[PDB]
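Residue numbers start from 1 in every chain, and the chains themselves are labelled A, B, ... in the order their sequence lines are given, proteins ahead of strands.
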There are 4 protein chains.
Amino acid sequence: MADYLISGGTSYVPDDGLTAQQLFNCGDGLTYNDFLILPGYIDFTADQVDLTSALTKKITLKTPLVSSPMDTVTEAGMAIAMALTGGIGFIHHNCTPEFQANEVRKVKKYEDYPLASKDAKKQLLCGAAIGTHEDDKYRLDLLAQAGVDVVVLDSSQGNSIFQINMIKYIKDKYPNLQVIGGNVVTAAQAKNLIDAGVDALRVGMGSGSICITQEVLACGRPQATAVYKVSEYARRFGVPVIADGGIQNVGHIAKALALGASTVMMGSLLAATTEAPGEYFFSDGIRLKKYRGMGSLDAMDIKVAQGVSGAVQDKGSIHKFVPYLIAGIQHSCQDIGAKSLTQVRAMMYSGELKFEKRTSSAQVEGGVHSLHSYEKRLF
Amino acid sequence: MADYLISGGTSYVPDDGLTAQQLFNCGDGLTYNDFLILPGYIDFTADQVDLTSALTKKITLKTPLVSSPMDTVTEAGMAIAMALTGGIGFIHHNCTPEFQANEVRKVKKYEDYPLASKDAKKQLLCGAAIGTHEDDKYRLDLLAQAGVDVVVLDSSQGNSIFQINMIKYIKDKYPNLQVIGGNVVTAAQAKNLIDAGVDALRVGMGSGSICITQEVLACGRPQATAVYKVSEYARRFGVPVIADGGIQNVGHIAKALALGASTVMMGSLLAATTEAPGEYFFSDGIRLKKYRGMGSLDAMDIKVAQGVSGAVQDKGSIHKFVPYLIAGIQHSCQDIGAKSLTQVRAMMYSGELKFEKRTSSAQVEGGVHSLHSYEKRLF
Amino acid sequence: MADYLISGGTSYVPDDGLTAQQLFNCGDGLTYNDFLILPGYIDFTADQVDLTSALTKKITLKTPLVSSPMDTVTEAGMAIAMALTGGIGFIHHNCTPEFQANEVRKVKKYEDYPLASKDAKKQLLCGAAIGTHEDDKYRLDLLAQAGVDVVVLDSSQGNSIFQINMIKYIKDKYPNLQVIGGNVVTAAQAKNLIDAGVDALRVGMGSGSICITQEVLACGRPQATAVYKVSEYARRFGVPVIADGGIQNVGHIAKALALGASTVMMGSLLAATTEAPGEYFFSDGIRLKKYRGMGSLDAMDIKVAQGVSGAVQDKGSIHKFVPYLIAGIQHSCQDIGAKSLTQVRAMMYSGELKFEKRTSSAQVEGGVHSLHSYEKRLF
Amino acid sequence: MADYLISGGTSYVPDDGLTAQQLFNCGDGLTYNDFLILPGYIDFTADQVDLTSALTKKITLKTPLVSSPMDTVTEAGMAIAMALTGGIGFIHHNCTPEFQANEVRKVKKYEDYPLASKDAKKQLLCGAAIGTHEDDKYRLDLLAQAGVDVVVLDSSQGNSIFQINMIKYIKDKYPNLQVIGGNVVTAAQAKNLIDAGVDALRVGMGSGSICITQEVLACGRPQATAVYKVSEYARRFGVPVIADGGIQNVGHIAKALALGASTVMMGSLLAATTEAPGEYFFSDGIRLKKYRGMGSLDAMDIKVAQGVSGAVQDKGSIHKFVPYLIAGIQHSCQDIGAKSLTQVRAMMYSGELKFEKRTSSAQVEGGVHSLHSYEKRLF
Ligand SMILES: Nc1ncnc2c1ncn2[C@@H]1O[C@H](COP(=O)(O)OP(=O)(O)OC[C@H]2O[C@@H]([n+]3cccc(NC(=O)c4cccs4)c3)[C@H](O)[C@@H]2O)[C@@H](O)[C@H]1O
Ligand SMILES: Nc1ncnc2c1ncn2[C@@H]1O[C@H](COP(=O)(O)OP(=O)(O)OC[C@H]2O[C@@H]([n+]3cccc(NC(=O)c4cccs4)c3)[C@H](O)[C@@H]2O)[C@@H](O)[C@H]1O
Ligand SMILES: Nc1ncnc2c1ncn2[C@@H]1O[C@H](COP(=O)(O)OP(=O)(O)OC[C@H]2O[C@@H]([n+]3cccc(NC(=O)c4cccs4)c3)[C@H](O)[C@@H]2O)[C@@H](O)[C@H]1O
Ligand SMILES: Nc1ncnc2c1ncn2[C@@H]1O[C@H](COP(=O)(O)OP(=O)(O)OC[C@H]2O[C@@H]([n+]3cccc(NC(=O)c4cccs4)c3)[C@H](O)[C@@H]2O)[C@@H](O)[C@H]1O
Ligand SMILES: O=c1[nH]cnc2c1ncn2[C@@H]1O[C@H](COP(=O)(O)O)[C@@H](O)[C@H]1O
Ligand SMILES: O=c1[nH]cnc2c1ncn2[C@@H]1O[C@H](COP(=O)(O)O)[C@@H](O)[C@H]1O
Ligand SMILES: O=c1[nH]cnc2c1ncn2[C@@H]1O[C@H](COP(=O)(O)O)[C@@H](O)[C@H]1O
Ligand SMILES: O=c1[nH]cnc2c1ncn2[C@@H]1O[C@H](COP(=O)(O)O)[C@@H](O)[C@H]1O
Ligand SMILES: [K+]
Ligand SMILES: [K+]
Ligand SMILES: [K+]
Ligand SMILES: [K+]
């Protein structure tokens with residue numbers, strides 16, 4: 001009958017809101033806080049949401065969470081905790097190659113965690129970072145001998161001849177080793193690195209909490225727009241994206257995933273956790289832990305500093321914080337009417353998922369307001 | 001793996017062309033010849049295309065073809081042929097009520113045609129037209145006694161209190177009789193008639209081959225835009241649309257169906273057929289049959305004429321012409337990558353189906369050109 | 001000094017006109033006659049212009065001219081003449097496989113023409129057309145045994161599972177045989193065929209002089225826009241384009257090449273030439289030769305005709321007509337300030353080359369006007 | 001082959017971001033902090049970047065850095081240091097003509113610095129400022145007798161008959177003396193001054209750190225837009241531009257140079273340096289030096305004040321600060337993929353260089369955020 005024959009029985013949907021393509025075609029240079037995702041239809045419970053994510057072409061994780069390769073964020077303990085909770089961690093390289101290899105070995109030889117990320121031998125997955133310099137090759141070798149599963153080329157500007165040469169060298173010498181390229185914020189850089197043969201991209205420049213690259217070199221891009229554009233280009237070749245930098249809350253993670261990113265990497269949000277490197281200290285009755293950019297003078301100690309050093313308040317253990325992030329992501333997916341992150345991205349690329357801009361007054365309204373005092377308890 | 005997890009395994013589609021919503025949002029006042037449908041992907045043969053169409057809320061036809069209720073187009077013979085070939089015909093009402101009832105009876109009592117349109121009693125479906133005047137009520141009664149399955153309220157401007165009153169009267173006295181309202185070209189008229197309780201809409205004003213309403217009363221609308229807008233509004237309430245007027249070739253039928261119409265009604269294209277009323281004559285060696293608008297002075301014989309009278313060249317029998325139209329529609333559906341008209345409309349409403357405008361030079365290029373002489377043989 | 005340091009010594013260029021990207025982003029559905037190329041700077045003579053063109057990934061021609069695979073256009077003689085003059089011809093397949101193979105053999109065994117197109121063995125290059133049906137495979141084999149250098153899959157709508165399967169079969173059985181896919185007018189079809197592994201694309205649908213596909217199936221695209229879009233997509237993967245259909249004069253060839261096409265294929269312009277198949281006849285004192293679409297009822301003799309049959313006036317020998325086209329293309333390149341077609345396309349993609357739209361009055365002004373009578377002698 | 005013939009072998013570049021022309025055609029009134037430069041491709045080291053810049057038509061500097069002619073910024077010592085480090089300084093004129101001439105003489109008679117800016121006699125380059133009043137002529141004479149190499153006409157609004165008359169007088173009496181006109185923010189003012197015969201333009205009004213002209217007289221322009229527009233007009237006649245005012249960090253210098261400026265002049269950034277005039281003092285444990293606008297009541301002591309007076313924190317010696325600025329500019333050039341500032345401007349005018357807007361949230365993200373405390377050490 002006509003009820004089905006007119007358009008296939010699918011009840012029409014009133015057109016309200018903007019698609020991601022429309023939102024990011026205005027050239028406004030948007031970030032996470034500049035927009036919201038409109039709600040959809042709910043016919044499932046939050047606990048049924050699947051957060052399985054692809055870190056690289058061949059590596060798949062049960063959660064989209066990744067720890068940044070920073071000397072104040074990720075060491076063997078942080079990597080072990082992230083792998084157990086369903087994510088992965090990248091060991092920093094501001095150390096001797098032997099120390100990094102030893103940390104990787106500690107991660108690999110570690111012995112309920114149903115979501116634990118493991119390799120074919122039931123060993124916890126581990127990542128590591130290397131540079132684009134000649135010495136890094138030796139470092140890579142040691143990391144290869146320690147059983148590292150994936151390596152990320154660490155650089156503020158990854159579209160360089162040095163990085164392409166290193167990618168080709170790695171692929172020739174270690175064909176089975178997954179390689180992540182970055183950082184990039186434009187489609188041209190992504191094209192160059194994908195042609196080089198990378199298995200994933202790391203997207204972000206200037207958005208880091210401890211980053212001052214934008215005001216020093218005038219180079220960067222708003223995080224949300226960069227994520228959207230790079231993910232849209234990379235999806236044409238089946239290359240996943242890691243949104244790196246600018247993450248402050250679960251909402252940012254959900255927005256990054258909805259815009260095309262397959263994984264999200266956080267430095268500050270995981271900083272000051274128990275598993276993070278360093279020891280807690282006290283200042284004015286507040287418990288804090290050090291957190292610094294790898295380009296800050298302290299980290300590298302004419303030198304042009306690209307980062308700052310400071311402190312972050314204690315957040316507890318990873319084993320309690322990560323489940324909260326997982327629950328928040330699941331609830332966001334339920335609110336937008338998606339049973340999986342893959343479905344979220346499919347809806348966004350198909351135009352089903354709708355977005356809306358936020359004015360400054362809209363941002364004020366969205367946050368806490370009109371209260372004499374209040375306390376915020378996330379969980 | 002990433003090949004499926006990024007967006008669900010559906011290979012991305014480059015964005016090329018305009019959606020129907022984009023095409024008809026420019027306010028250019030487009031007709032059929034002003035645009036083309038872009039080709040898609042073929043993974044089936046043309047003969048598998050299903051042309052099942054909904055004439056009304058409860059009446060379904062195996063073909064989308066309908067014959068206009070005109071004194072030079074549709075009588076008992078034309079209706080019988082159209083029903084046998086898979087369509088339906090509406091008996092004109094420029095005659096006594098008894099004559100129209102007798103024609104309806106002839107259609108109903110008629111005794112391989114696999115696509116034949118039949119009612120629950122295996123009797124050929126038949127339609128009829130009535131006016132919005134007091135006398136028409138009596139006419140309707142006779143048509144009801146003859147077994148008519150559907151009635152169309154014939155008027156150049158159907159958004160009138162008289163038509164709404166007649167619709168309510170029919171629904172009260174004949175609850176099981178399907179009623180078609182029209183003609184309308186705007187969403188407001190469609191809203192009024194749908195609220196009245198019509199089972200289908202007849203869309204078109206000024207586009208008829210024998211119509212001069214636009215130049216006499218300055219009232220009308222381009223056919224393609226009217227079809228799109230009225231169909232888009234009516235789909236919200238499950239009300240099918242009959243695109244009436246302006247059809248000159250199979251391409252026009254395909255375009256009308258793709259823009260939202262569930263059926264297409266033709267007066268001139270079926271004129272001069274063997275089953276059409278009247279007798280053939282000869283002029284300058286050309287075999288012709290009369291064809292006139294119901295608003296022309298001849299048809300109604302101060303009077304304001306809204307149509308003209310003339311002649312149309314012979315086209316043969318319906319039993320050979322209609323199969324050609326069916327084959328052409330199937331081939332168009334295959335070219336645009338749809339296995340059914342329902343799928344065509346679903347794709348158009350979902351944005352998958354793409355369109356492109358045509359400049360005057362584009363129209364010239366599309367037609368036959370750069371030939372000293374030629375002969376056109378459709379089939 | 002400042003004369004060079006400000007911007008590198010390159011004198012600034014006033015911004016006047018539109019780039020191709022700007023021109024074809026308006027969604028107006030433009031054809032060749034709807035726009036003009038603005039002149040540039042001349043610092044060379046016309047005879048220095050290089051017309052070297054890439055027919056496929058591995059086949060390069062000294063001229064961009066190709067003869068269509070039509071039963072009234074290209075046979076052994078036409079192919080031989082085109083190869084000698086610097087182009088190439090594709091043997092039609094509306095014949096027995098043995099006849100086509102014999103024509104290919106005649107072309108291959110033919111024994112000053114400095115621009116002659118030859119293979120590694122100094123044998124004239126020859127192309128042939130095949131269908132996407134099961135029988136065509138056998139045909140292909142014979143064409144392979146006759147020494148054909150390139151094969152084009154002939155279809156009005158080339159984005160089909162059948163064509164992809166045939167492409168894969170050819171690449172598996174004949175890895176060294178160049179394959180041309182088509183016809184396509186959108187970037188999605190081009191993506192599918194390029195992923196299948198074609199070596200070149202054939203772009204055009206509805207623009208043929210003897211084509212009525214647009215009015216019968218409502219499917220097609222304006223030629224210029226299709227050429228631009230498909231060429232822009234294909235250039236990303238190094239796949240050349242053959243603009244097919246709608247060519248009436250040298251200006252159209254130049255426009256097609258400037259919009260991204262690597263070669264141009266003409267059916268009507270080369271029709272009625274001495275080397276074309278068939279015999280001349282006389283009508284009202286005019287010497288004409290037959291020319292028909294391969295989809296016309298005559299060519300294939302329910303059948304849905306997609307072409308017409310007619311006659312075209314005599315044009316002389318190919319050996320005199322082709323040099324005129326070469327000279328005209330060279331003069332157009334000189335006028336737009338390019339020493340080669342490669343440079344033309346580089347300028348167009350870089351935005352240096354500028355275009356302007358043409359109104360109908362502009363088209364009238366561009367043509368001959370305000371004369372009581374005149375005679376047009378091209379050369 | 002096709003790899004090179006299609007477009008010349010240059011791999012296509014995905015279109016991402018806006019050109020400067022597109023960015024500044026929106027009429028949004030942008031400043032430095034409102035946009036970012038997108039990264040490019042790196043195939044060289046930062047130390048190979050050439051910062052050679054044209055101060056005027058005939059004067060070329062090895063660095064684009066200039067010191068403002070202010071009584072709290074530039075005296076003989078500051079000029080000597082700037083010339084030694086590769087820039088130049090302009091002696092202020094809020095003093096007796098004899099004092100200014102003596103300072104110029106001190107600069108000229110000063111006796112490793114490979115980048116030192118020297119004249120044909122191996123004497124350090126020196127600039128000076130004069131007004132548009134009758135007395136200034138005498139001042140000019142003394143400055144001419146002291147060996148000044150370039151003179152800048154100091155005025156908040158340089159498009160005046162007085163300034164044009166002074167320019168003509170200088171050119172008539174001192175044909176070989178380079179003259180800088182300003183200040184201007186629009187293309188009409190630039191046209192007038194260029195027609196007068198200036199050798200360079202000084203661009204800025206309302207952007208100074210100590211300037212309140214915008215709120216007092218309602219006259220001014222955002223700095224970035226003014227720089228872009230004036231530079232674009234001046235480049236047509238080979239006239240360089242000095243971006244004056246609004247510089248707070250290296251990123252601002254890089255942005256100003258990328259938008260068309262040939263040199264950058266800073267008052268506040270060089271204020272409180274050791275070579276700056278005045279003596280350090282202490283306030284609340286902070287070491288500060290005075291810095292005031294030349295239009296402030298203190299500087300000129302009804303009077304309409306156009307500037308304010310205050311203090312700036314100590315920054316150290318010029319010989320250490322300037323190298324940091326040079327290194328930062330080089331790193332920015334490397335990040336955007338340019339080996340020289342000339343190449344940067346050529347890329348920007350050709351559209352190769354891309355830009356992106358910044359929302360307020362984008363600005364917040366770009367800066368330091370999400371830290372309990374931190375310390376910023378530039379170098
Ligand atoms: N084969 C090569 N031959 C010759 N020349 C080469 C070669 N390869 C690169 N160059 C050039 O030398 C410069 C150096 O810069 P890179 O080594 O590329 O690191 P970087 O730019 O990210 O940070 C800046 C400083 O931070 C310190 N640090 C330590 C550990 C980790 C990080 N990670 C990050 O900060 C970020 C990651 C993601 C977003 S930020 C930073 C270190 O001291 C750096 O110098 C460039 O010009 C380059 O082209
Ligand atoms: N209860 C009512 N009480 C009082 N006043 C009423 C009432 N009801 C309507 N009026 C008003 O009287 C006028 C008459 O006009 P209608 O009867 O509505 O027919 P119409 O406007 O289509 O054509 C015009 C003339 O053609 C002749 N004719 C004969 C047979 C069929 C057609 N079909 C068509 O032509 C078309 C169909 C689709 C596109 S064209 C035409 C006839 O002689 C007409 O007068 C209007 O003002 C109206 O409001
Ligand atoms: N393996 C397969 N198994 C099953 N079903 C298949 C398979 N493969 C395709 N089908 C389907 O059967 C139909 C047939 O159509 P095709 O063979 O694709 O040719 P076509 O559509 O271009 O022209 C139309 C008619 O012209 C005649 N003719 C003869 C020689 C050359 C041409 N060249 C052209 O005209 C043009 C070239 C460029 C622009 S026009 C035409 C012939 O009689 C045709 O039937 C389609 O539905 C298709 O999907
Ligand atoms: N031949 C002439 N005959 C007759 N009338 C003339 C003639 N020439 C100009 N007038 C008119 O008299 C007024 C005076 O104004 P100017 O002398 O043009 O200086 P100014 O407007 O920049 O600053 C304002 C006050 O600051 C004090 N001061 C001292 C030293 C340096 C500066 N430099 C700056 O501040 C800036 C530079 C770049 C951006 S700001 C300022 C001084 O006391 C000023 O009066 C105008 O109306 C004018 O048309
Ligand atoms: O020193 C630095 N300068 C600039 N960016 C940095 C530096 N150190 C780390 N980053 C980047 O900023 C990210 C930290 O993001 P966040 O802490 O979540 O805001 C890291 O994962 C790196 O991509
Ligand atoms: O006399 C008339 N004046 C105006 N419209 C008419 C008249 N007669 C019929 N029509 C309409 O025009 C249609 C004919 O369309 P066509 O003959 O396919 O061009 C009919 O089905 C009516 O909707
Ligand atoms: O019968 C047909 N129907 C539709 N298109 C055709 C037919 N025959 C040839 N063509 C196409 O039209 C082209 C002829 O272009 P033209 O003769 O230069 O205008 C051929 O090369 C085919 O691509
Ligand atoms: O008193 C003033 N009122 C307005 N502008 C001034 C005044 N003094 C200096 N300026 C301008 O402001 C610039 C200082 O820029 P900044 O200190 O880098 O922010 C100088 O080079 C002059 O162009
Ligand atoms: K709120
Ligand atoms: K045509
Ligand atoms: K003309
Ligand atoms: K930041």
Side-chain angles (χ1 to χ4, degrees), chain A residues 15 17-27 186-188 190-191 225 227-238 259-260 345-355, chain B residues 6-8 10-26 35-41 336-337 346-357, chain C residues 19-30 159 184-195 201 203 205 219-222 224-237 239 259-260 349, chain D residues 12-17:
Chain A
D15 191 10
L18 297 175
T19 65
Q21 176 167 3
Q22 294 169 334
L23 180 63
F24 292 97
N25 189 47
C26 297
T186 76
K191 167 174 183 314
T225 297
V227 168
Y228 170 78
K229 296 287 191 195
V230 176
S231 289
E232 192 278 326
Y233 182 86
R235 158 169 173 261
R236 307 180 199 173
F237 305 88
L259 291 179
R345 283 185 294 273
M347 284 162 77
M348 171 276 288
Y349 282 125
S350 84
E352 178 176 351
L353 191 65
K354 299 302 203 275
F355 303 79
Chain B
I6 286 166
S7 51
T10 89
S11 204
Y12 96 118
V13 181
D15 191 10
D16 200 354
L18 297 175
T19 66
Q21 176 167 3
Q22 294 169 334
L23 180 63
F24 292 97
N25 189 47
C26 297
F35 74 93
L36 296 174
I37 309 169
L38 294 177
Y41 173 64
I336 65 188
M347 284 162 77
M348 171 276 288
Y349 282 125
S350 84
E352 178 176 351
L353 191 65
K354 299 302 203 275
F355 303 79
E356 186 135 284
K357 285 196 219 180
Chain C
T19 65
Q21 176 167 3
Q22 294 169 334
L23 180 63
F24 292 97
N25 189 47
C26 297
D28 293 343
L30 307 170
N159 193 27
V184 301
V185 290
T186 76
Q189 305 169 283
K191 167 174 183 314
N192 263 17
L193 294 191
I194 291 167
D195 294 349
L201 289 170
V203 171
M205 168 193 223
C219 196
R221 193 173 203 178
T225 297
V227 168
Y228 170 78
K229 296 287 191 195
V230 176
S231 289
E232 192 278 326
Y233 182 86
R235 158 169 173 261
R236 307 180 199 173
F237 305 88
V239 174
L259 292 179
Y349 282 125
Chain D
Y12 96 118
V13 181
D15 191 10
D16 200 354

Point to revise | Partner of B:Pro39 under side-chain contact (heavy atoms from CB on, under 4.5 Å), chosen from C:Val185, C:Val184, C:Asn159 | key: C:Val185
Study note, to complete from the structure: D:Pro14 and A:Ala188 have their tightest heavy-atom pair at CD-CA, 4.1 Å
Check your understanding: What heavy-atom pair brings A:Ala20 and A:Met348 nearest, and what distance separates the two atoms?
Key -> CB-CG, 3.7 Å
Practice item. Tell me, with the steps shown, if A:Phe355 and A:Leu259 meet side-chain contact (heavy atoms from CB on, under 4.5 Å). Key: CA-CA 10 Å; A:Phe355 303 79; A:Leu259 291 179; 4.2 Å; yes
According to side chain to side chain donor-acceptor pair (under 3.5 Å), who are the partners of [X], at least two apart in sequence or on a separate chain?
X	result
B:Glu352	none
C:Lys191	B:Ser11, C:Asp195
A:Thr225	none

Check your understanding: Restricting to pairs with a member in residues 14-26 of chain B, which pass salt bridge (charged side-chain N to carboxylate O under 4.0 Å, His left out), not counting sequence neighbours?
Key -> B:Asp16-C:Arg221
Practice item. Determine, stepwise, if the pair C:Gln189 / C:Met205 fulfils side-chain contact (heavy atoms from CB on, under 4.5 Å). Key: CA-CA 12 Å; C:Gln189 305 169 283; C:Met205 168 193 223; 5.9 Å; no
Point to revise | For B:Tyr12, ring pair (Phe, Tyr, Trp, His ring centres under 6.0 Å) partners two or more places apart | key: none
Practice item. State which residues pass ring pair (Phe, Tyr, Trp, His ring centres under 6.0 Å) with A:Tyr349; sequence neighbours excluded, sorted by chain then number. Key: none
From [atom1] ([X]) to [atom2] ([Y]), nearest 0.5 Å:
X	Y	atom1	atom2	answer
B:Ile6	A:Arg236	CD1	CZ	13.0 Å
B:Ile336	B:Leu38	CD1	CG	10.5 Å
C:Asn192	C:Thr186	CG	OG1	9.0 Å
B:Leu36	B:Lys357	CG	NZ	13.0 Å

Exercise for review: Could you give me the CA-CA distance, side-chain angles and deciding distance for A:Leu23 and A:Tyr228, then say whether side-chain contact (heavy atoms from CB on, under 4.5 Å) is met?
Suggested key: CA-CA 10 Å; A:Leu23 180 63; A:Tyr228 170 78; over 6 Å; no
Review point. Around atom CD of B:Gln22, are there more than 12 heavy atoms of other residues, nucleotides or ligands at under 6.0 Å?
Key: yes
Exercise for review: Could you please spell out the steps behind the side-chain contact (heavy atoms from CB on, under 4.5 Å) verdict for B:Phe35 and B:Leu18?
Suggested key: CA-CA 11 Å; B:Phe35 74 93; B:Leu18 297 175; over 6 Å; no
Check your understanding: Looking only at atom types and distance, does a side-chain atom of A:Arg345 sit under 3.5 Å from a main-chain N or O of B:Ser7, one as donor and one as acceptor?
Key -> no
